[PDB]
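Novice: Quick one: this structure, given as structure tokens, is what I'll be asking you about.
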Amino acid sequence: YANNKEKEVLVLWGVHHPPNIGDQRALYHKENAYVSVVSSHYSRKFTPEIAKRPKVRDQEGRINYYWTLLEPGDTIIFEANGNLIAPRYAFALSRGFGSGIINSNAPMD
Amino acid sequence: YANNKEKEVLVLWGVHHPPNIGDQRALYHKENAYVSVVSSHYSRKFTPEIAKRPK
């Protein structure tokens, strides 16, 4: 994808980590898959990790979520042969000053 | 290189990323190369990333 929006684009994706080798073989067919995400200022290679973890929300495998900000006139390349939760909707944003998150349950008016 | 100058030494290097597999095989005569830099407090292993990028 090429950034032509003249604004920073927030791109989110994920890598799937099956609990056992059977799930990985039954989903991606290979047993040693690779995910690569590259950009002019972001480069990272992911390798799926097959491990058994405690059941959270009735799931043993995990999906690790990642994000990056694309400058205007920049590109991002997604290359994988398995264990990729591909992005579908990206967000174009422009930062305005500094703020924070208020943790409260008060009425809003 | 062993630092015998009694002062800290700044070392600069680089890893080349060819655009296509053809260029990787012309300059390096291989297609899966590796760079390793190891010191007593710095160690990283670099693998070339072959992708096409804006000119």
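Quick note, the sequences are listed as chains C and E, same order.
Residue numbers for the first sequence, in PDB author numbering: 168 to 260, 260A, 261 to 275.
Residue numbers for the second sequence, in PDB author numbering: 168 to 222.
Even for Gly, the Cβ is constructed at its ideal location relative to N, Cα and C.
1. At a Cβ cut of 8 Å, what residues of the region 231-246 of chain C count as close to chain E, listed as they run along the chain?
2. Buried or exposed for E/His-196, please, with buried defined as at least 16 other CB atoms from any protein chain shown within 10 angstroms of its CB.
3. Is it the case that the Cβ atoms of C/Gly-264 and C/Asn-170 are separated by a distance below 8 Å?
4. Determine the direct distance from the alpha carbon of E/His-208 to that of C/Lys-219, and round the result to whole angstroms.
5. Could you compute how far the alpha carbon of C/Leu-177 sits from the alpha carbon of E/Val-202?
6. Is it the case that the Cβ atoms of C/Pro-215 and C/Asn-248 are separated by a distance below 8 Å?
7. On the premise that C/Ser-210 lies in contact with C/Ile-243, defined as a C-beta separation below 8 Å, what is that separation, rounded to the nearest angstrom?
8. Under the three-state reduction of DSSP, which class applies to C/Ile-268: helix, strand or coil?
9. Go ahead and pull the three-state DSSP assignment for C/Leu-260.
10. At the 8 Å Cβ level, is E/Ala-200 part of the contact set with chain C, yes or no?
Specialist: In brief:
1. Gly-240, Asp-241, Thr-242, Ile-244 and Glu-246
2. As a working note, residue 196 of chain E is residue 29 in the second sequence. So E/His-196 ends up on the exposed side.
3. Locating residue 264 of chain C in the first sequence gives position 98, counting from the first residue. Locating residue 170 of chain C in the first sequence gives position 3, counting from the first residue. The answer is no: Cβ separation not under 8 Å.
4. The residue given as residue 219 of chain C occupies position 52 in the first sequence. The residue given as residue 208 of chain E occupies position 41 in the second sequence. Using only the alpha carbons, I get a separation of about 33 Å.
5. The residue you call residue 177 of chain C lines up with position 10 of the first sequence. The residue you call residue 202 of chain E lines up with position 35 of the second sequence. Distance between the alpha carbons of C/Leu-177 and E/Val-202: 31 Å.
6. For the purposes of this step, residue 215 of chain C is identified with residue 48 of the first sequence, where counting begins at 1. For the purposes of this step, residue 248 of chain C is identified with residue 81 of the first sequence, where counting begins at 1. No; because the gap between Cβ atoms is not below 8 Å, this pair is not in contact.
7. Residue 243 of chain C sits at position 76 when you count from the first residue of the first sequence. Residue 210 of chain C sits at position 43 when you count from the first residue of the first sequence. With 8 Å as the limit, C/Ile-243 and C/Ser-210 do not qualify as a contact, their Cβ atoms being about 11 Å apart.
8. Working through the first sequence from its first residue, we reach residue 268 of chain C at position 102. Coil, per DSSP.
9. Translated into the one-based positions of the first sequence, residue 260 of chain C becomes position 93. Strand.
10. Residue mapping note: residue 200 of chain E aligns to position 33 of the second sequence, counting from 1. With 8 Å as the cut-off, E/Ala-200 does not count as an interface residue toward chain C.
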